[PDB]
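Undergrad: For reference, the file structure_11.cif (mmCIF, N, CA and C atoms) is included below:
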data_target
#
loop_
_atom_site.label_atom_id
_atom_site.label_comp_id
_atom_site.auth_asym_id
_atom_site.auth_seq_id
_atom_site.Cartn_x
_atom_site.Cartn_y
_atom_site.Cartn_z
N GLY L 433 8.64 89.21 -2.63
CA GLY L 433 7.61 89.70 -1.69
C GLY L 433 6.23 89.79 -2.32
N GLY L 434 6.16 90.37 -3.53
CA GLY L 434 4.87 90.49 -4.23
C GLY L 434 4.31 89.12 -4.57
N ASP L 435 5.18 88.24 -5.04
CA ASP L 435 4.74 86.86 -5.39
C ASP L 435 4.25 86.18 -4.12
N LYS L 436 4.95 86.35 -3.00
CA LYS L 436 4.54 85.64 -1.76
C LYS L 436 3.14 86.10 -1.37
N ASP L 437 2.90 87.41 -1.37
CA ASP L 437 1.58 87.93 -0.92
C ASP L 437 0.48 87.45 -1.87
N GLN L 438 0.71 87.59 -3.18
CA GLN L 438 -0.34 87.21 -4.17
C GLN L 438 -0.57 85.70 -4.09
N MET L 439 0.50 84.92 -3.93
CA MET L 439 0.37 83.45 -3.87
C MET L 439 -0.42 83.06 -2.62
N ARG L 440 -0.17 83.72 -1.49
CA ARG L 440 -0.88 83.37 -0.24
C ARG L 440 -2.38 83.63 -0.42
N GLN L 441 -2.74 84.80 -0.96
CA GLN L 441 -4.17 85.15 -1.17
C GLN L 441 -4.78 84.18 -2.19
N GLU L 442 -4.05 83.90 -3.27
CA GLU L 442 -4.55 82.98 -4.32
C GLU L 442 -4.72 81.58 -3.75
N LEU L 443 -3.80 81.14 -2.89
CA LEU L 443 -3.91 79.78 -2.29
C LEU L 443 -5.12 79.71 -1.36
N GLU L 444 -5.40 80.77 -0.60
CA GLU L 444 -6.62 80.72 0.25
C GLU L 444 -7.86 80.57 -0.63
N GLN L 445 -7.98 81.40 -1.67
CA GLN L 445 -9.16 81.33 -2.57
C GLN L 445 -9.15 79.99 -3.32
N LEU L 446 -7.96 79.48 -3.66
CA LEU L 446 -7.84 78.19 -4.39
C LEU L 446 -8.23 77.01 -3.49
N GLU L 447 -7.89 77.06 -2.20
CA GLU L 447 -8.34 75.98 -1.28
C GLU L 447 -9.87 76.00 -1.22
N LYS L 448 -10.47 77.19 -1.14
CA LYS L 448 -11.95 77.29 -1.14
C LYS L 448 -12.50 76.73 -2.46
N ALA L 449 -11.89 77.11 -3.59
CA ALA L 449 -12.35 76.63 -4.91
C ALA L 449 -12.15 75.11 -5.01
N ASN L 450 -11.04 74.60 -4.47
CA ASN L 450 -10.75 73.14 -4.52
C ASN L 450 -11.80 72.36 -3.72
N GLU L 451 -12.18 72.87 -2.55
CA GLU L 451 -13.25 72.19 -1.76
C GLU L 451 -14.54 72.21 -2.58
N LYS L 452 -14.86 73.35 -3.19
CA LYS L 452 -16.09 73.45 -4.02
C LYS L 452 -16.00 72.48 -5.20
N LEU L 453 -14.83 72.41 -5.84
CA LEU L 453 -14.64 71.51 -7.01
C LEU L 453 -14.78 70.05 -6.56
N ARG L 454 -14.25 69.71 -5.39
CA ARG L 454 -14.39 68.32 -4.88
C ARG L 454 -15.87 68.00 -4.69
N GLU L 455 -16.62 68.94 -4.10
CA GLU L 455 -18.07 68.70 -3.85
C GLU L 455 -18.80 68.52 -5.19
N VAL L 456 -18.52 69.41 -6.15
CA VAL L 456 -19.24 69.33 -7.46
C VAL L 456 -18.81 68.06 -8.21
N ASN L 457 -17.54 67.66 -8.10
CA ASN L 457 -17.07 66.42 -8.76
C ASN L 457 -17.77 65.21 -8.13
N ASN L 458 -17.93 65.22 -6.81
CA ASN L 458 -18.66 64.12 -6.13
C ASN L 458 -20.11 64.11 -6.65
N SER L 459 -20.73 65.28 -6.77
CA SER L 459 -22.13 65.36 -7.27
C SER L 459 -22.19 64.84 -8.71
N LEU L 460 -21.21 65.21 -9.54
CA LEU L 460 -21.18 64.73 -10.95
C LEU L 460 -20.96 63.21 -10.99
N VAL L 461 -20.11 62.68 -10.10
CA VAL L 461 -19.89 61.20 -10.04
C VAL L 461 -21.20 60.50 -9.65
N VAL L 462 -21.93 60.97 -8.63
CA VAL L 462 -23.21 60.27 -8.32
C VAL L 462 -23.98 60.09 -9.63
N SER L 463 -24.25 61.21 -10.31
CA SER L 463 -25.01 61.17 -11.59
C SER L 463 -24.35 60.18 -12.56
N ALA L 464 -23.04 60.27 -12.76
CA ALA L 464 -22.36 59.41 -13.75
C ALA L 464 -22.63 57.93 -13.45
N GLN L 465 -22.36 57.50 -12.22
CA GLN L 465 -22.52 56.05 -11.90
C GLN L 465 -24.00 55.67 -12.08
N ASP L 466 -24.91 56.52 -11.62
CA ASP L 466 -26.36 56.18 -11.70
C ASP L 466 -26.71 55.99 -13.18
N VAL L 467 -26.29 56.92 -14.03
CA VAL L 467 -26.62 56.85 -15.49
C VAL L 467 -26.06 55.55 -16.05
N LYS L 468 -24.80 55.23 -15.76
CA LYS L 468 -24.19 54.01 -16.36
C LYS L 468 -25.02 52.78 -15.94
N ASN L 469 -25.40 52.71 -14.66
CA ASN L 469 -26.18 51.54 -14.17
C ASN L 469 -27.51 51.47 -14.94
N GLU L 470 -28.23 52.59 -15.01
CA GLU L 470 -29.54 52.60 -15.71
C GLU L 470 -29.32 52.10 -17.14
N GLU L 471 -28.28 52.61 -17.81
CA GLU L 471 -27.98 52.22 -19.21
C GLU L 471 -27.85 50.70 -19.30
N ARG L 472 -26.92 50.12 -18.53
CA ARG L 472 -26.71 48.65 -18.69
C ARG L 472 -28.03 47.92 -18.42
N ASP L 473 -28.77 48.31 -17.38
CA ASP L 473 -30.02 47.58 -17.03
C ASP L 473 -30.97 47.62 -18.23
N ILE L 474 -31.24 48.82 -18.75
CA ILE L 474 -32.18 48.97 -19.89
C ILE L 474 -31.69 48.07 -21.03
N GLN L 475 -30.40 48.16 -21.35
CA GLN L 475 -29.83 47.35 -22.46
C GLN L 475 -30.19 45.88 -22.24
N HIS L 476 -29.77 45.30 -21.11
CA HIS L 476 -30.00 43.84 -20.90
C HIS L 476 -31.49 43.53 -21.05
N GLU L 477 -32.36 44.28 -20.37
CA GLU L 477 -33.81 43.95 -20.40
C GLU L 477 -34.32 43.95 -21.85
N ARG L 478 -34.10 45.05 -22.57
CA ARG L 478 -34.64 45.16 -23.95
C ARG L 478 -34.10 43.99 -24.79
N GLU L 479 -32.79 43.72 -24.68
CA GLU L 479 -32.18 42.64 -25.49
C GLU L 479 -32.94 41.35 -25.23
N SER L 480 -33.02 40.93 -23.96
CA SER L 480 -33.67 39.63 -23.65
C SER L 480 -35.09 39.62 -24.22
N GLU V 414 2.54 63.55 -1.17
CA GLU V 414 1.83 62.50 -0.40
C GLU V 414 0.46 63.05 0.02
N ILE V 415 0.39 64.32 0.41
CA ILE V 415 -0.90 64.91 0.89
C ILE V 415 -1.89 64.94 -0.27
N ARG V 416 -1.47 65.41 -1.45
CA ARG V 416 -2.37 65.45 -2.64
C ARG V 416 -2.68 64.01 -3.06
N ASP V 417 -1.71 63.10 -2.92
CA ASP V 417 -1.98 61.67 -3.21
C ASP V 417 -2.99 61.18 -2.17
N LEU V 418 -2.79 61.55 -0.91
CA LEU V 418 -3.75 61.19 0.16
C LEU V 418 -5.09 61.86 -0.14
N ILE V 419 -5.05 63.11 -0.62
CA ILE V 419 -6.31 63.83 -0.98
C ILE V 419 -7.05 62.95 -1.99
N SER V 420 -6.36 62.52 -3.05
CA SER V 420 -6.99 61.65 -4.07
C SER V 420 -7.40 60.32 -3.43
N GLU V 421 -6.56 59.76 -2.56
CA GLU V 421 -6.85 58.45 -1.92
C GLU V 421 -8.11 58.58 -1.07
N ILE V 422 -8.20 59.61 -0.23
CA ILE V 422 -9.37 59.79 0.68
C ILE V 422 -10.57 60.25 -0.16
N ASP V 423 -10.33 61.01 -1.23
CA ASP V 423 -11.44 61.41 -2.13
C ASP V 423 -11.98 60.14 -2.77
N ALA V 424 -11.09 59.25 -3.22
CA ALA V 424 -11.51 57.96 -3.81
C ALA V 424 -12.10 57.08 -2.71
N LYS V 425 -11.51 57.12 -1.51
CA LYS V 425 -12.05 56.33 -0.37
C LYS V 425 -13.45 56.85 -0.05
N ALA V 426 -13.62 58.17 -0.04
CA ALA V 426 -14.95 58.78 0.23
C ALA V 426 -15.87 58.56 -0.96
N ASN V 427 -15.33 58.52 -2.18
CA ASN V 427 -16.16 58.21 -3.37
C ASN V 427 -16.61 56.75 -3.26
N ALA V 428 -15.69 55.86 -2.88
CA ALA V 428 -16.06 54.44 -2.66
C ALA V 428 -17.04 54.40 -1.49
N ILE V 429 -16.82 55.24 -0.47
CA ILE V 429 -17.74 55.32 0.70
C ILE V 429 -19.09 55.87 0.22
N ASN V 430 -19.08 56.80 -0.74
CA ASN V 430 -20.34 57.35 -1.31
C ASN V 430 -21.09 56.22 -2.01
N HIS V 431 -20.38 55.41 -2.80
CA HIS V 431 -21.02 54.25 -3.46
C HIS V 431 -21.43 53.25 -2.38
N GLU V 432 -20.58 53.07 -1.36
CA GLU V 432 -20.89 52.13 -0.25
C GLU V 432 -22.13 52.63 0.50
N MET V 433 -22.22 53.94 0.74
CA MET V 433 -23.39 54.52 1.44
C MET V 433 -24.63 54.38 0.55
N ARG V 434 -24.46 54.53 -0.76
CA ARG V 434 -25.60 54.32 -1.69
C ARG V 434 -26.09 52.88 -1.53
N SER V 435 -25.15 51.93 -1.50
CA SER V 435 -25.51 50.50 -1.34
C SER V 435 -26.19 50.29 0.01
N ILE V 436 -25.72 50.98 1.05
CA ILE V 436 -26.33 50.86 2.41
C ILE V 436 -27.79 51.32 2.33
N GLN V 437 -28.03 52.48 1.72
CA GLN V 437 -29.42 52.98 1.57
C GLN V 437 -30.25 51.90 0.88
N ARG V 438 -29.73 51.32 -0.20
CA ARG V 438 -30.49 50.30 -0.97
C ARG V 438 -30.79 49.08 -0.09
N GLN V 439 -29.78 48.53 0.60
CA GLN V 439 -30.00 47.29 1.40
C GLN V 439 -30.90 47.60 2.60
N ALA V 440 -30.74 48.77 3.23
CA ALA V 440 -31.61 49.15 4.36
C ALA V 440 -33.05 49.21 3.85
N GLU V 441 -33.25 49.85 2.70
CA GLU V 441 -34.61 49.95 2.09
C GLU V 441 -35.12 48.53 1.81
N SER V 442 -34.27 47.66 1.26
CA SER V 442 -34.69 46.27 0.92
C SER V 442 -35.14 45.53 2.17
N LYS V 443 -34.37 45.61 3.26
CA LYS V 443 -34.70 44.86 4.50
C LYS V 443 -36.03 45.36 5.06
N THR V 444 -36.23 46.68 5.05
CA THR V 444 -37.48 47.27 5.59
C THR V 444 -38.62 47.09 4.57
N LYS V 445 -38.30 46.67 3.34
CA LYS V 445 -39.33 46.48 2.29
C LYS V 445 -39.84 45.03 2.33
N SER V 446 -39.51 44.27 3.37
CA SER V 446 -40.07 42.90 3.51
C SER V 446 -41.60 42.98 3.62
N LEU V 447 -42.11 44.02 4.29
CA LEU V 447 -43.58 44.24 4.39
C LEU V 447 -44.08 44.89 3.10
N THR V 448 -45.39 45.08 2.95
CA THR V 448 -45.98 45.60 1.68
C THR V 448 -45.19 46.80 1.13
N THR V 449 -45.08 46.89 -0.20
CA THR V 449 -44.28 47.98 -0.84
C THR V 449 -44.70 49.35 -0.29
N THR V 450 -43.73 50.19 0.06
CA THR V 450 -44.03 51.54 0.62
C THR V 450 -44.80 52.36 -0.41
N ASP V 451 -44.34 52.39 -1.67
CA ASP V 451 -45.07 53.10 -2.75
C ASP V 451 -45.50 52.09 -3.81
N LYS V 452 -46.72 52.22 -4.32
CA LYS V 452 -47.24 51.24 -5.31
C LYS V 452 -47.11 51.81 -6.72
N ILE V 453 -46.59 53.04 -6.85
CA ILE V 453 -46.34 53.62 -8.20
C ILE V 453 -45.24 52.79 -8.86
N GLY V 454 -44.42 52.09 -8.06
CA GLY V 454 -43.35 51.22 -8.60
C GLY V 454 -43.90 49.91 -9.13
N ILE V 455 -44.99 49.39 -8.56
CA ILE V 455 -45.62 48.15 -9.11
C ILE V 455 -45.99 48.39 -10.58
N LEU V 456 -46.44 49.60 -10.94
CA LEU V 456 -46.86 49.92 -12.34
C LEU V 456 -45.66 50.06 -13.30
N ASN V 457 -44.42 50.12 -12.79
CA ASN V 457 -43.21 50.19 -13.66
C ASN V 457 -42.79 48.80 -14.17
N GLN V 458 -43.37 47.71 -13.65
CA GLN V 458 -42.94 46.33 -14.01
C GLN V 458 -43.27 45.98 -15.47
N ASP V 459 -44.40 46.47 -16.00
CA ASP V 459 -44.84 46.05 -17.37
C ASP V 459 -45.15 47.27 -18.25
N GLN V 460 -44.95 47.15 -19.56
CA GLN V 460 -45.18 48.28 -20.51
C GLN V 460 -46.66 48.67 -20.49
N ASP V 461 -47.56 47.69 -20.37
CA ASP V 461 -49.03 47.91 -20.32
C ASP V 461 -49.44 48.72 -19.08
N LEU V 462 -48.66 48.63 -18.00
CA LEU V 462 -48.98 49.35 -16.73
C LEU V 462 -48.41 50.79 -16.72
#
Give the structure from this file in structure tokens form.
TA:
Amino acid sequence: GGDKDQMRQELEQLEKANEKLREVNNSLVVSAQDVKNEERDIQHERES
Amino acid sequence: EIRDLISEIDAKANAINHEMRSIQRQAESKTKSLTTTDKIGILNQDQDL
């Protein structure tokens, strides 16, 4: 009974945290892909 | 399957995020047939500029 109640409350807060983590991971991915593209472009231009 | 679907749709939406980024770029390119919207970008072409 105690585990069921604590797990239900934790799962509600965890679903909220998981949605927040998905949003922040998407925001971190935008930055990641943009940085990698800028890197390769700068590399090729300077090399040539 | 739901968490796999969560990852699949998250990856589908991540691919859609990259696809939407590409849409913004191509839409901007098509509308950029007329004179450049901002000319601060013309000065990025050369180190002297």
Undergrad: What does the structure give for the distance between CA of residue 462 (chain L) and atom C of residue 448 (chain V), in Å to one decimal?
TA: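 Going from CA of residue 462 (chain L) over to atom C of residue 448 (chain V) covers 27.5 Å.
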Undergrad: Go ahead and compute the interatomic distance for CA of residue 480 (chain L) and atom C of residue 460 (chain V), in Å to one decimal.
TA: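 Calculated distance between CA of residue 480 (chain L) and atom C of residue 460 (chain V) is 16.1 Å.
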Undergrad: How would you write, as a list in words, the residues chosen by the PyMOL selection byres ((chain L and name CA) within 12 of (chain V and name CA)) on this structure?
TA: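 Checking the PyMOL selection byres ((chain L and name CA) within 12 of (chain V and name CA)) against this file, the residues are residues 450, 451, 453, 454, 455, 457, 458, 459, 460, 461, 462, 463, 464, 465, 466, 477 and 478 of chain L.
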Undergrad: If you run DSSP on this backbone, which residues of chain V come out as helix (DSSP H, G or I), and could you give them as a ChimeraX atom specification?
TA: /V:415-444,455-457
Undergrad: Write to file, as a short mmCIF file (atom, residue, chain, number, x, y, z; two decimals), in the coordinates of the input, the residues of the selection just made, with N, CA and C atoms.
TA:
data_model
loop_
_atom_site.label_atom_id
_atom_site.label_comp_id
_atom_site.auth_asym_id
_atom_site.auth_seq_id
_atom_site.Cartn_x
_atom_site.Cartn_y
_atom_site.Cartn_z
N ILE V 415 0.39 64.32 0.41
CA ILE V 415 -0.90 64.91 0.89
C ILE V 415 -1.89 64.94 -0.27
N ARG V 416 -1.47 65.41 -1.45
CA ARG V 416 -2.37 65.45 -2.64
C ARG V 416 -2.68 64.01 -3.06
N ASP V 417 -1.71 63.10 -2.92
CA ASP V 417 -1.98 61.67 -3.21
C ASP V 417 -2.99 61.18 -2.17
N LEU V 418 -2.79 61.55 -0.91
CA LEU V 418 -3.75 61.19 0.16
C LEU V 418 -5.09 61.86 -0.14
N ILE V 419 -5.05 63.11 -0.62
CA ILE V 419 -6.31 63.83 -0.98
C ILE V 419 -7.05 62.95 -1.99
N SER V 420 -6.36 62.52 -3.05
CA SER V 420 -6.99 61.65 -4.07
C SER V 420 -7.40 60.32 -3.43
N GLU V 421 -6.56 59.76 -2.56
CA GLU V 421 -6.85 58.45 -1.92
C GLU V 421 -8.11 58.58 -1.07
N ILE V 422 -8.20 59.61 -0.23
CA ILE V 422 -9.37 59.79 0.68
C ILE V 422 -10.57 60.25 -0.16
N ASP V 423 -10.33 61.01 -1.23
CA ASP V 423 -11.44 61.41 -2.13
C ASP V 423 -11.98 60.14 -2.77
N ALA V 424 -11.09 59.25 -3.22
CA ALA V 424 -11.51 57.96 -3.81
C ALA V 424 -12.10 57.08 -2.71
N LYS V 425 -11.51 57.12 -1.51
CA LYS V 425 -12.05 56.33 -0.37
C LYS V 425 -13.45 56.85 -0.05
N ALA V 426 -13.62 58.17 -0.04
CA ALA V 426 -14.95 58.78 0.23
C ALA V 426 -15.87 58.56 -0.96
N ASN V 427 -15.33 58.52 -2.18
CA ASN V 427 -16.16 58.21 -3.37
C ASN V 427 -16.61 56.75 -3.26
N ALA V 428 -15.69 55.86 -2.88
CA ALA V 428 -16.06 54.44 -2.66
C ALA V 428 -17.04 54.40 -1.49
N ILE V 429 -16.82 55.24 -0.47
CA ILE V 429 -17.74 55.32 0.70
C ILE V 429 -19.09 55.87 0.22
N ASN V 430 -19.08 56.80 -0.74
CA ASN V 430 -20.34 57.35 -1.31
C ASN V 430 -21.09 56.22 -2.01
N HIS V 431 -20.38 55.41 -2.80
CA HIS V 431 -21.02 54.25 -3.46
C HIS V 431 -21.43 53.25 -2.38
N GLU V 432 -20.58 53.07 -1.36
CA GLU V 432 -20.89 52.13 -0.25
C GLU V 432 -22.13 52.63 0.50
N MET V 433 -22.22 53.94 0.74
CA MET V 433 -23.39 54.52 1.44
C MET V 433 -24.63 54.38 0.55
N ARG V 434 -24.46 54.53 -0.76
CA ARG V 434 -25.60 54.32 -1.69
C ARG V 434 -26.09 52.88 -1.53
N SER V 435 -25.15 51.93 -1.50
CA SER V 435 -25.51 50.50 -1.34
C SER V 435 -26.19 50.29 0.01
N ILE V 436 -25.72 50.98 1.05
CA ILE V 436 -26.33 50.86 2.41
C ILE V 436 -27.79 51.32 2.33
N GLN V 437 -28.03 52.48 1.72
CA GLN V 437 -29.42 52.98 1.57
C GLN V 437 -30.25 51.90 0.88
N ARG V 438 -29.73 51.32 -0.20
CA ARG V 438 -30.49 50.30 -0.97
C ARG V 438 -30.79 49.08 -0.09
N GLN V 439 -29.78 48.53 0.60
CA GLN V 439 -30.00 47.29 1.40
C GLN V 439 -30.90 47.60 2.60
N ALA V 440 -30.74 48.77 3.23
CA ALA V 440 -31.61 49.15 4.36
C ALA V 440 -33.05 49.21 3.85
N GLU V 441 -33.25 49.85 2.70
CA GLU V 441 -34.61 49.95 2.09
C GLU V 441 -35.12 48.53 1.81
N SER V 442 -34.27 47.66 1.26
CA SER V 442 -34.69 46.27 0.92
C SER V 442 -35.14 45.53 2.17
N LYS V 443 -34.37 45.61 3.26
CA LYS V 443 -34.70 44.86 4.50
C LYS V 443 -36.03 45.36 5.06
N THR V 444 -36.23 46.68 5.05
CA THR V 444 -37.48 47.27 5.59
C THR V 444 -38.62 47.09 4.57
N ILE V 455 -44.99 49.39 -8.56
CA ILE V 455 -45.62 48.15 -9.11
C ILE V 455 -45.99 48.39 -10.58
N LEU V 456 -46.44 49.60 -10.94
CA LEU V 456 -46.86 49.92 -12.34
C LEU V 456 -45.66 50.06 -13.30
N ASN V 457 -44.42 50.12 -12.79
CA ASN V 457 -43.21 50.19 -13.66
C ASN V 457 -42.79 48.80 -14.17
#
Undergrad: Work out how far atom C of residue 428 (chain V) is from CA of residue 444 (chain V), in Å to one decimal.
TA: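 Pair CA of residue 444 (chain V) / atom C of residue 428 (chain V) returns 22.8 Å.
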Undergrad: So for region 433-439 of chain V, what box centre and size do we get, axis-aligned, 5 Å extra on each of the six sides, every listed atom, Å to one decimal, as AutoDock Vina command-line options?
TA:
--center_x -26.6 --center_y 50.9 --center_z 0.5 --size_x 18.7 --size_y 17.2 --size_z 14.3
